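To begin, one chain is listed below as structure tokens, in the form deposited in one PDB entry.
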């Protein structure tokens, strides 16, 4: 039986823990916060991650995500003047495909499942020290050495593990954009006469709007059939007021960003009714491609945002974190106890080029999105591209199919 240490329990670490446990490994998982604590905005989980999730507990996790979904039928795309420019379908996010869902709700569902499986989960563990030998690897918690066969570091874009595992040459860096993200109860908004366009007449169907202007994108949506309201704002900034870490926002700053938008009259009420503490902001950070995700003695690997952050317009960060977790569990299973380092190296090789291709697509799309060149549809600004090579990929089948080939190359 393979002993795995997992550090960081966001989507990446929770998926790795669940999948490692399901594939028969013994997991010890470490988390810095006292309990799950996530921003209550929304994110999307597409089919390439649903094919992992659908296997858990005879579909009960998928059904719980489905119950909690934003029941969105279409995306309405406007320019900054308020002109409707495009209506997109929700292909990839309809029943049985995928979900737009409250982030904290989804993490709670994953966490509740991981805990139900009996996985050893240790909160209040801020991990900074890693070590490995030819024979084992582990961490240092409270001056105590914890040993395992391998360490999976899924501690996010500000990973402390990454310096230890990959060295410190490559660091996260500012893109020049920043983001406001918010979710709150619709009861706080409904009654505002400037919000009737959102709050009335929608007959139990959730909404999702994109407002695309030069260097500023605003998104507005609802969840749980009108019970929750969500909004956010990604914008290119000349002088930073946001930081590389997340902060609670003063929403009055976001209102000023759209001061020159004709539609501001529609959007200001949604921002202004945000309760104190329910809007967050941060710089949009990126990172150059790491030469390697794996430690010199091949027992430690960074996965998730610690290894390959994506621009938020991609909508793939959580999906690829889920693919990473499912993949590493398989590589360890196929490698077996006596060749754990081979499994770690195969896991990196299986994923490395795919995630880089997704990162590069996100960078190209962000440029078009922020140019907002509405005159000139395959040239139009959009957050929506659903290429088959992303959405039809089955990471588990890929790992089972390619392991032997890739392992042979690793072994030589």
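Numbering follows the first chain given and starts at 1. By rigid core we mean the largest C-alpha set that fits within 1.5 Å across both forms.
We do not show the form deposited in another entry, though everything after this point is about it.
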property: Moved residue between this form and the one not shown - picked from 116, 133, 338, 259, where its Cα shifts 2 angstroms or more relative to the rigid core; result: 259
property: Residue 291 C-alpha relocation of at least 2 Å between this form and the one not shown, rigid core basis; result: no
property: Residue shift check between this form and the one not shown, rigid core fit, residue 316 Cα at least 2 Å; result: no
property: Residue 212 C-alpha relocation of at least 2 Å between this form and the one not shown, rigid core basis; result: yes
property: Closer or farther in the other form, the Cα atoms of residue 11 and residue 277, when the shift from this form is 3 Å or more; result: farther
property: Cα distance between residue 316 and residue 277, which in the other form differs by 3 Å or more from this form, closer or farther; result: farther
